[PDB]
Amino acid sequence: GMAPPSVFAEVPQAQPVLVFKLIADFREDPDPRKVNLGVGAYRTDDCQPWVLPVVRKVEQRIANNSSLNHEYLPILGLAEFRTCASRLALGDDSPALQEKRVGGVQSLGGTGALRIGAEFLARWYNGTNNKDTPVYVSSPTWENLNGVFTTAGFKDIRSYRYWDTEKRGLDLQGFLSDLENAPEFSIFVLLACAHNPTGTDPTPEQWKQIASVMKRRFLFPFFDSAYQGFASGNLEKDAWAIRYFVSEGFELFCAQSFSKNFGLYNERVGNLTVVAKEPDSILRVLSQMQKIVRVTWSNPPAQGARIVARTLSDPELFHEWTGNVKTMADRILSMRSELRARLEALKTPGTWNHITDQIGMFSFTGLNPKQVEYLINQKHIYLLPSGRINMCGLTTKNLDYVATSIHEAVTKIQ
């Protein structure tokens, strides 16, 4: 007479996600001095989200246009968006665009672009249905990257040396060694500019050395571009490495997000750019991408892509947008400069060059786990166990307290 057990009775509870608990603990913390350096998105000097002025303007124009309908977009997405997105990454004068050997697939953010690209490679790259091609990611890398490629079926995910704990910067020699030892045709996922989570990017000359090994060993570049514009407010200058690989003759993928540089996080706007050697393969590659998309999300949403396409295709809106991006980049540069200056004025042990040598909103500070625990529990400054901070969590009002607390952690803990 007993009720049968649920068909879900043996489904385990998934492991807790650290950063969600961190944000939860931050919000309940009563202390008026508390600071959230674990936030994952842009914030103003008043600790607020920022809807870009150009985005509000385009949203109003869309709302006032009654002729726009809601009929399905093409499987591959809105044509003007795909063209504009690939042109943003590659440059108007890209030889690959001139030679008609570029494809673009609209995707559900950068995540969706990585996922479709991984699914394609696991079916059609380095053989048919080859799940064994090594996929290399940086140590450390974006937190969801391993899961995307594992879910696409890749059985051999590897790391390359990248963050050097002692030097607080790039381990160039370790990275180059790991490239030299990678099996021919291995896939390397390369974060393009503003490395998340460390902030450490190769310089252009270091990128040339990386590219040289990849060219020689036939290693496939899969760029992940989520912060174009955050290094300088100059969208062209910030894409230098992707463009250098194109001009060196590489075929490559580039997963693009518009979540951060348009602030369109919750409209899920991305694009997968494909650069091929010959124009005829783009049609074939895209036909397979269509089949992958069809069984994942069918076709992509319109609102965010419409905003991006309208902005990138109109000179006036494009100029306003580049100014909005520069506002974000400049605030981050300011917080980096101000934090470093204060840490040095307090004569904090260690070197702090990395605070301004790093690029973008995320910084590996070099603080150890015990020091992170001190900052959270004693000073109410919330950050990840890795020592990652978001520079947008710093403000004119909290900078002295944050710098003083870091000085305490460095001198009194460990």
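The first residue of the sequence shown is number 1, and the count goes up from there.
Trainee: Look over 162 to 170 and 271 to 279 in the entry and identify the one with the greater average Cα temperature factor.
Mentor: Looking at the record's C-alpha B-factors, the answer is 162 to 170.
Trainee: Can you let me know which of the two, 100 to 108 or 235 to 243, has the higher average C-alpha B-factor in the entry?
Mentor: According to the entry, 235 to 243 carries the higher average C-alpha B-factor.
Trainee: Highest Cα temperature factor in the entry, among the options 41, 355, 51, 62: which one is it?
Mentor: Of the options given, 62 has the highest CA B-factor in the PDB entry.
Trainee: Between 264, 325, 308, 193, which one tops the list for C-alpha B-factor in the PDB entry?
Mentor: Within the set 264, 325, 308, 193, 193 shows the top C-alpha B-factor.
Trainee: What third of the chain, by the recorded C-alpha B-factor, contains residue 131?
Mentor: Its C-alpha B-factor belongs to the middle third of this chain's values.
Trainee: For residue 80, return the chain-relative third of its C-alpha B-factor as stated in the PDB record: lowest, middle or highest.
Mentor: Within its chain, residue 80 is a middle-third residue by C-alpha B-factor, going by the deposited values.
Trainee: By the record's CA B-factor, is residue 320 among the lowest, middle or highest third of residues in the chain?
Mentor: Its C-alpha B-factor, which the entry lists for residue 320, ranks in the lowest third among residues of this chain.
Trainee: Consider only the C-alpha atoms of the modelled residues in this chain, order them by B-factor as the entry records it, and name the third containing residue 155: lowest, middle or highest.
Mentor: Ranked within chain, residue 155 CA B lands in the highest tercile.
Trainee: Once the chain's modelled residues are ordered by C-alpha B factor and cut into thirds, is residue 74 in the lowest, middle or highest one?
Mentor: Middle third, going by the recorded CA B-factors of the chain.
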